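Same chain, two versions here, written out as structure tokens and called structure 1 and structure 2.
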Structure 1
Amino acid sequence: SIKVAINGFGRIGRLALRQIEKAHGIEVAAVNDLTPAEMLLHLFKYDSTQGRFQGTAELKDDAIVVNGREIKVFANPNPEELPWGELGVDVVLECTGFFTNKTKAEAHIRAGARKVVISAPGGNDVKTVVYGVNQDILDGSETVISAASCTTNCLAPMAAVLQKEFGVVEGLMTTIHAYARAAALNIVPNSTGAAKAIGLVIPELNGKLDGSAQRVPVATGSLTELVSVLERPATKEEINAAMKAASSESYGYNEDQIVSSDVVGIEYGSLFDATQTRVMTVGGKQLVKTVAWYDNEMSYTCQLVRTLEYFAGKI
């Protein structure tokens, strides 16, 4: 049974523990955070947006007991000094935001852990995995991997169906991110690398996509729009049917008229919105728009934990 440690028991780290508690063959043995256990427990159990933890959780000396099992709590800012080897930790879920490349994340391996999964893009010597699109690139010999970004997890399953079933010539992405000091009150255009980087996840789309982001100062569901030129003719109905045929626990399918609060709490990495699909045909030339939603916290966390569980099965 695989032992995990969560480094950074923040928004993502806490939700990741909620999801790992649903699984067999894997358990969190320890968490590390700069915040005292007392407050971390309250934030883990009670959440205004993602609801109450569905399980038991209590505080002990230097530990939290979740569903009857002790989880050690540490507060050490330096990962090299954590007792991962002494505790037999197999995999560290790195969720602090401060160790998001290979050389920084390998501090966990110098501390005795065997593997690391970064909760963010990890650089170019680190495999990047969107569960449901490319987890089969993992064979278990990797030491550090990445579960990509929230935008990549939203875009990739949609782009993958378009590429597999129609062929993509090119496309431009616009992501509306529901969240420097400007961003609190303004719509703010922002660079993203997610579309440019999509070849890390879908090699066939390398060099075919670009895009950017509009950061909107409201906390709610986010969305990614893709405007593409395809290699074969398409109807709205045919595109929507292909997306539904691909739907899964990672890729949801929606045909309701929804608003952004309806997305909060989904466990899909991406929720394809079939009501927004449009195909413009002018003189035989076609231009296609497709839109998928994501819950920036929960969608990413559920993908992260799926990727972790799959990786954990390869060792």
Structure 2
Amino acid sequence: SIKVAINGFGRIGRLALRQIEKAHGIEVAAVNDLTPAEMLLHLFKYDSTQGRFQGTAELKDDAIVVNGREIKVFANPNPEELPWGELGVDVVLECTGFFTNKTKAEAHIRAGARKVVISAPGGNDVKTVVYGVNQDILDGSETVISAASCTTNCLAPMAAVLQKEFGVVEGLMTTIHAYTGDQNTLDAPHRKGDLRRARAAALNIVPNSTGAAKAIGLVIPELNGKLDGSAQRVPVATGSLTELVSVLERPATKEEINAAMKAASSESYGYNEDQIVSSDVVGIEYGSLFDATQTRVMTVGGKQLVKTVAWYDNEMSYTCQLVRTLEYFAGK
């Protein structure tokens, strides 16, 4: 089995272990964070939005035993000092949020791993993959890659269909996004100087910037420079949606758009016709779930403006995309 280490046992890291535990041929040999093993085990077993872990998890000296198999636990904030070489670690899932570019992420390779997947945008100099859209750009010679953002994994399959079947002149994106741990619990100073993320997460609609639309060219080259957008964090603990308002190169109807999305559906890109809300998306394994009920095509004097909306669980949808990308990568 390919051996994986998870650096950062947070929301994405812990769910990544859940998904990898359900996979065969790949196993997690070690996890690293800033806390003792008892804290990590408790958070792995009990989850406020994703439910209890469906499996066995017990504590040992400096390890957790998951489904009968031992996983080493480390608490070292500097990746260069981790024993990845000693443990034969092939791929590191970098999920701390503090090593989100190539030079920082390479500390893992100096620690003895062969490859690193960043669970976030990683810059314009590393390949960036949304599984189901462009995973084929990988050939295994890359040392550091990126699985993009949760929002990019939601937007990209929707935008890819619009570009291929109708063509895109331009588009503005709005993601209505669950609050995350980078927002404060209550009004307090923020480490990055962000005056809006400084505010109480569960009390506010919080405008915030996102690069998912601007950087879309890394996933869909033909859309480079055609999209921008922003985000609104709102008080749901997980579950999000992405709206895209676009000008297309050809006329379209709501029925034509919806039919194209369904034709492109896959394990990564679901198609929905029910009148769902965000909680219905919690825990889904699609990276993106197009919502045909929200498609709108407005025609005013022959000029068309199109709205398309797709849901995503920013935690579990992205985690499943990250693990799919990891598995595809690990075979090269």
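Structure 1's sequence is the ruler for residue numbers, which start at 1. Think of the rigid core as the biggest set of C-alphas that the two forms share within 1.5 Å after superposition.
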(request) Choose, among 88, 217, 203, 140, the residue with a C-alpha displacement of 2 Å or more between structure 1 and structure 2 when the rigid core is used for superposition. (result) 217
(request) Establish whether a shift of 2 Å or more occurs at the C-alpha of residue 186 between structure 1 and structure 2, with the two forms superposed on the rigid core. (result) yes
(message) Fitting the two forms on their rigid core, what distance in Å separates the Cα positions of residue 127 between structure 1 and structure 2?
(response) 0.7
(message) Give the rigid core superposed Cα shift of residue 174 between structure 1 and structure 2, in Å, rounded to one decimal.
(response) 1.2
